[PDB]
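Here's the structure we're looking at; comments come further down.
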Amino acid sequence: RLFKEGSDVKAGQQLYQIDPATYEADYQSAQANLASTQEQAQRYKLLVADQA
Amino acid sequence: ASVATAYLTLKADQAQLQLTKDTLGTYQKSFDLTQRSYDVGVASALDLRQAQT
């Protein structure tokens with residue numbers, strides 16, 4: 001619990017931590033898929049200029 | 001025998017010419033279709049060169 005009680009908080013201030021541990025894992029999965037599809041798109045962007 | 005052989009060889013080779021003209025027309029139509037598909041963007045230059053060969 002990252003706040004003291006009875007104090008003023010701002011918008012976007014983090015209050016708790018709810019043990020990600022699942023969201024971190026499927027974030028790693030989605031980032032792993034992005035790391036391949038981004039390279040595929042970047043190589044095809046170079047190849048499409050010469051119509052290879 | 002020589003005259004008959006030469007005349008039959010000419011008679012065969014003219015039909016070979018006609019079939020080669022038909023094959024060339026088929027290949028030219030295939031190249032035109034591949035050129036059109038390259039113009040619209042479905043195929044690539046890698047296929048256009050193989051159609052040109």
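Starting from 1 in every chain, residues are counted up; chains themselves are A, B, ... following the order of the structure tokens, and ligands are numbered from 1 as listed.
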With a cut-off of 12 Å and counting only C-alpha atoms, select all residues of chain B in contact with chain A and give the selection as a PDB file with C-alpha atoms, in the first residue's frame.
```pdb
ATOM      1  CA  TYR B  38       2.529  -6.750 -61.475  1.00  0.00           C
ATOM      2  CA  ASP B  39       0.958  -3.415 -62.426  1.00  0.00           C
ATOM      3  CA  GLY B  41       0.469  -4.944 -57.228  1.00  0.00           C
ATOM      4  CA  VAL B  42      -0.476  -8.568 -56.550  1.00  0.00           C
ATOM      5  CA  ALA B  43       2.717 -10.117 -57.931  1.00  0.00           C
ATOM      6  CA  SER B  44       6.307  -8.943 -57.550  1.00  0.00           C
ATOM      7  CA  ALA B  45       9.220  -8.361 -59.907  1.00  0.00           C
ATOM      8  CA  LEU B  46      10.550 -11.795 -58.918  1.00  0.00           C
ATOM      9  CA  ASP B  47       7.633 -13.355 -60.816  1.00  0.00           C
ATOM     10  CA  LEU B  48       7.729 -10.860 -63.694  1.00  0.00           C
ATOM     11  CA  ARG B  49      11.338 -11.790 -64.460  1.00  0.00           C
TER      12      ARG B  49
END
```
In Å to one decimal, how far is CA of residue 32 (chain A) from CA of residue 44 (chain A)?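 Distance reported for this atom pair: 19.1 Å.
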Running DSSP on the backbone, which parts of chain A land in alpha helix (DSSP H), as a PyMOL selection string? chain A and resi 23-47
Write the residues of the preceding selection, restricted to N, CA and C atoms, as a compact mmCIF listing (two decimals), in the first residue's frame.
```txt
# COMPACT_ATOMS: atom_id res chain seq x y z
N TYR A 23 -0.12 -10.68 -15.71
CA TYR A 23 -0.10 -9.61 -16.67
C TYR A 23 1.31 -9.35 -17.16
N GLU A 24 2.30 -9.52 -16.29
CA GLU A 24 3.69 -9.47 -16.72
C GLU A 24 4.02 -10.59 -17.69
N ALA A 25 3.47 -11.79 -17.46
CA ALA A 25 3.76 -12.93 -18.32
C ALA A 25 3.14 -12.77 -19.71
N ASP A 26 1.86 -12.40 -19.77
CA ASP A 26 1.32 -12.26 -21.12
C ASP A 26 1.73 -10.95 -21.79
N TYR A 27 2.22 -9.97 -21.02
CA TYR A 27 2.93 -8.85 -21.62
C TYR A 27 4.24 -9.29 -22.27
N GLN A 28 4.98 -10.19 -21.62
CA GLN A 28 6.18 -10.76 -22.24
C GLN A 28 5.83 -11.55 -23.50
N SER A 29 4.71 -12.27 -23.48
CA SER A 29 4.27 -13.01 -24.66
C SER A 29 3.94 -12.08 -25.83
N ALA A 30 3.16 -11.02 -25.57
CA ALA A 30 2.81 -10.08 -26.62
C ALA A 30 4.01 -9.30 -27.14
N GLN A 31 4.94 -8.93 -26.25
CA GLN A 31 6.16 -8.27 -26.68
C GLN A 31 7.04 -9.19 -27.51
N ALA A 32 7.04 -10.49 -27.19
CA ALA A 32 7.79 -11.46 -27.99
C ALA A 32 7.21 -11.60 -29.39
N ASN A 33 5.89 -11.55 -29.51
CA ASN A 33 5.30 -11.57 -30.85
C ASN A 33 5.55 -10.28 -31.62
N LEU A 34 5.56 -9.14 -30.92
CA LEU A 34 5.86 -7.86 -31.56
C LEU A 34 7.28 -7.82 -32.08
N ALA A 35 8.22 -8.45 -31.37
CA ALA A 35 9.62 -8.43 -31.77
C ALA A 35 9.87 -9.18 -33.07
N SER A 36 8.97 -10.09 -33.46
CA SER A 36 9.11 -10.75 -34.75
C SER A 36 8.32 -10.05 -35.84
N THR A 37 7.09 -9.63 -35.55
CA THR A 37 6.30 -8.98 -36.59
C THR A 37 6.83 -7.60 -36.97
N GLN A 38 7.48 -6.90 -36.04
CA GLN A 38 8.08 -5.61 -36.37
C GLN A 38 9.26 -5.77 -37.30
N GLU A 39 10.08 -6.80 -37.09
CA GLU A 39 11.20 -7.06 -37.99
C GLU A 39 10.72 -7.51 -39.36
N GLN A 40 9.65 -8.31 -39.41
CA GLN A 40 9.04 -8.69 -40.68
C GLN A 40 8.58 -7.47 -41.47
N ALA A 41 7.86 -6.56 -40.81
CA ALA A 41 7.40 -5.34 -41.48
C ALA A 41 8.55 -4.43 -41.89
N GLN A 42 9.61 -4.34 -41.07
CA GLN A 42 10.74 -3.49 -41.41
C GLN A 42 11.55 -4.04 -42.57
N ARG A 43 11.64 -5.36 -42.70
CA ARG A 43 12.33 -5.93 -43.85
C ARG A 43 11.50 -5.80 -45.11
N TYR A 44 10.19 -5.99 -45.02
CA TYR A 44 9.34 -5.83 -46.19
C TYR A 44 9.24 -4.39 -46.65
N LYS A 45 9.40 -3.43 -45.73
CA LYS A 45 9.40 -2.02 -46.13
C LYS A 45 10.64 -1.67 -46.95
N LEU A 46 11.79 -2.27 -46.63
CA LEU A 46 12.96 -2.10 -47.47
C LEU A 46 12.83 -2.83 -48.79
N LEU A 47 12.24 -4.03 -48.78
CA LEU A 47 12.16 -4.82 -50.00
C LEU A 47 11.13 -4.28 -50.98
```
Quick one: pull the distance between CA of residue 51 (chain B) and CA of residue 24 (chain B), Å, one decimal.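 CA of residue 24 (chain B) lies at a distance of 12.3 Å from CA of residue 51 (chain B).
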List the spatial neighbours of residue 15 (chain A) as a list in words - criterion: any atom at most 7 Å away, only C-alpha atoms, same-chain residues fewer than 2 positions off excluded.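 Listing them by chain and then by number gives residues 1, 2, 3 and 13 of chain A.
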Record the distance separating CA of residue 28 (chain B) and CA of residue 50 (chain B), expressed in Å with one decimal.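 Going from CA of residue 28 (chain B) over to CA of residue 50 (chain B), I get 12.6 Å.
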